[PDB]
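Just the one chain here, laid out as structure tokens, in the form solved without the partner chain.
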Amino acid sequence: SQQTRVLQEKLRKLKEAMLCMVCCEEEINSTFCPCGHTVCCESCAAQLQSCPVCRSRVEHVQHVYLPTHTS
């Protein structure tokens, strides 16, 4: 139905929101500290001296273990 298409799109967008905002390939699993923006995978997060959302300096990256994580 049309609703099938609508829900497919909703699901796709929710899944994409859980993917790294830089590489668009890997799940978000990293927090820039202290600002708290949690928008990257570990690989992209390691390479950024400044937060890509707010431009605050990254003191360190905290790995986050989220219930949504998949493999």
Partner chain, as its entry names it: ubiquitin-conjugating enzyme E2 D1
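Residue numbers count along the first chain shown, from 1. Residues that one form lacks are left out of the comparison. The term rigid core refers to the most C-alpha atoms you can superpose between the two forms while keeping them within 1.5 Å.
Only in words, not in the display: the form solved in complex with the partner chain, which the text now covers.
The partner chain in the entry with it bound comes within 4.5 Å of a heavy atom belonging to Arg12. For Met21, a non-hydrogen atom is located within 4.5 Å of the partner chain in the entry with it bound, even though that partner is not displayed.
Put simply, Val58 is far from the partner chain in the entry with it bound: not one heavy atom of it is within 4.5 Å. Listed alone, the one run of 3 or more residues present in both forms whose C-alphas shift by at least 2 angstroms between the shown form and the other one, with the core superposed, is 66-71.
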